[PDB]
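As structure tokens, one chain now follows by itself in the form deposited in one PDB entry.
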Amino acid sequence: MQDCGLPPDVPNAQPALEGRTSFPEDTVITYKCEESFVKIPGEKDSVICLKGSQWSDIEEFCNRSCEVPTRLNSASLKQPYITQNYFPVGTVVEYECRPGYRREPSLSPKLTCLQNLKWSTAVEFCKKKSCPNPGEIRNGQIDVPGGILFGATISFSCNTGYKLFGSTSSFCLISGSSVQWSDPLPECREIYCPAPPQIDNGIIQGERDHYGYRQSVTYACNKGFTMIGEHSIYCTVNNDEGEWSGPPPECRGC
């Protein structure tokens, strides 16, 4: 009769019958691979009802493949693997470095789909690029806790008696073609104490315009006056603020 019965049984595939058991001549039935199976590119996945109530032949067209290679932050799949989804056992794909990573020549940038439907062990075939030498801060220091490679962080400090002006840290970020420091080297500025205090009936011996950390000012009483106290005070520097070591002496008369 001008009708075919059930289409052939294909291993690891299921036909779409749309709720019927009888099909008219020329009816085309498509099969869908079952779970954990991917259709093999360049293969028939459907049958057709021909004359005599006979279906056209169809061969197994499903496998048995790995999943799409896992997402790496250092490397991207090369074409054409980056657009594929069919990865039967033995399939080997190639990677290429992302930015800012570069090839580690001693290691292969290839992964293979293993018998267990898993990709081979990952190695660091694409390593992190390195930022330029941080350099130096005059009268300050740079803290490099964990190298200067892509993603690294560094901090800046200013030695005792100096005040930091600018960024207090820097990160090695990807900069277009390469990786560069997010922020420039700051400045360590000399902290000044407030002008030294003057005293009644006494003077400051050779007063300077500016006084820095540990710099001292010496007092002297006027003729006829007796000094009671410290002959000199010095600049103490704490939490980036200048402050004199103590009060100035006193000059008592007569």
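Here the rigid core means the biggest group of C-alpha atoms that line up within 1.5 Å when the two forms are laid on top of each other. Start at 1 and count along the sequence shown; that's the residue number.
FYI, the form deposited in another entry isn't displayed, but the following is about it.
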Comparing forms between this form and the one not shown after core superposition, the one residue of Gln180, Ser120, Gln84, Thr153 displaced by 2 Å or more at CA: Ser120
Does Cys131 move its CA by 2 angstroms or more between this form and the one not shown when the core is aligned? no
With both forms fitted on the core, give yes or no for whether the Cα of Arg214 moves by 2 angstroms or more between this form and the one not shown. no
For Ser232, is the C-alpha shift between this form and the one not shown 2 Å or more after core superposition? no
